[PDB]
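First, one chain by itself: the form deposited in one PDB entry, in structure tokens.
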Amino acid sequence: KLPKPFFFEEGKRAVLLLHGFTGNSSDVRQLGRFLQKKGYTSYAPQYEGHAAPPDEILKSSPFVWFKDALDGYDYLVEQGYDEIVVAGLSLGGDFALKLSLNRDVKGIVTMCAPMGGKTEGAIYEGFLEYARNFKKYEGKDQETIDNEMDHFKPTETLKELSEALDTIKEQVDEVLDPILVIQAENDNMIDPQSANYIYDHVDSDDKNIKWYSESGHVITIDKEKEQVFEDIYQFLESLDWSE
């Protein structure tokens, strides 16, 4: 079965966990379980068309995915959690920054978040590989996979993604809330210098950047995830919770 949103309820301090483009809640589930062990509630929404056949992404848009993130914040509030940190991986880190401008958060965590909308190379190739792997997961024979990929047209989706990222980069200077910026030094999906851009251009009064030298882009599931989780916990413990 494909992943679904999760909601791990513990104490009154809550974390909204946002996944990346073509990702899903499985990329943040271990972080959610760690946060639960430490007493924090977490909710991980999923973007429209994700955890589903890749054509559903082509029929959706980043505009909807950001609304899915906002809906996740609003779901936490409806469920009784008013004090929320937003933590996002990759595109979700961009959405975490933008969400902080649209909803009241106690803090922001960005994890390998890109700055700017370059899609040529790694993002484009990653999306095609995601689609090919999904069709093999569907049990399709090789001729069917090959022919469907000949007709898979990601250009409009990647253009929308690029424009959404460009817009968020121009909003970074509006960010005010406490922030932890996390980045893998050896990221082969985005420019790791994005992390310096975020750190230097937010207007937050409380900021920290952490680099990890042995992790790849999906840092929440890779070889240093335990240290990443501990660094997130120490950030959360430093914030202005009412309880």
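One rule holds for the numbers: they count along the sequence shown, beginning at 1. In this text, the rigid core denotes the largest set of C-alpha atoms whose superposition between the two forms falls within 1.5 Å.
Higher mean CA temperature factor between 111-119 and 80-88: 111-119, per the PDB entry. Stretches compared: 141-149, 167-175. Higher mean C-alpha B-factor in the entry: 141-149. Per the PDB entry, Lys159 shows the highest C-alpha temperature factor of the residues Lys159, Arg103, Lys106, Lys98. The PDB entry gives the largest Cα B-factor of the residues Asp200, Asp206, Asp187, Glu48 to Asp187. Among the modelled residues of its chain, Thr41 has a C-alpha B-factor that falls in the lowest third according to the deposited record. Compared with the other modelled residues of the chain, the Cα B-factor recorded for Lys59 ranks in the highest third. For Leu2, the recorded CA B-factor ranks within the highest third of the chain. Only modelled residues enter the ranking. Among the modelled residues of the chain, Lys12 sits in the middle third by CA temperature factor in this PDB entry. Residue-level temperature factors show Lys225 in the middle third of its chain, judged at the C-alpha atom.
Another form exists, deposited in another entry; not displayed. Remarks below refer to it.
Summarising the superposition on the core between the shown form and the other one, the listed residues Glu138, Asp173, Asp166, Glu78 contain exactly one with a Cα shift of 2 Å or larger, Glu138.
Comparing the forms between the shown form and the other one, the C-alpha position of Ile123 differs by 2 angstroms or more, with the core used for superposition.
Here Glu156 counts as shifted, since its C-alpha moves by at least 2 Å between the shown form and the other one after the core is aligned. Residue displacement note: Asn102 has its CA displaced by under 2 Å between the shown form and the other one (rigid core superposed). Put simply, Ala122 and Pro114 come closer in the other form: their C-alpha atoms are 3 Å or more nearer than in the form shown.
By 3 Å or more, the C-alpha separation between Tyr199 and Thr119 shrinks in the other form relative to the form shown here.
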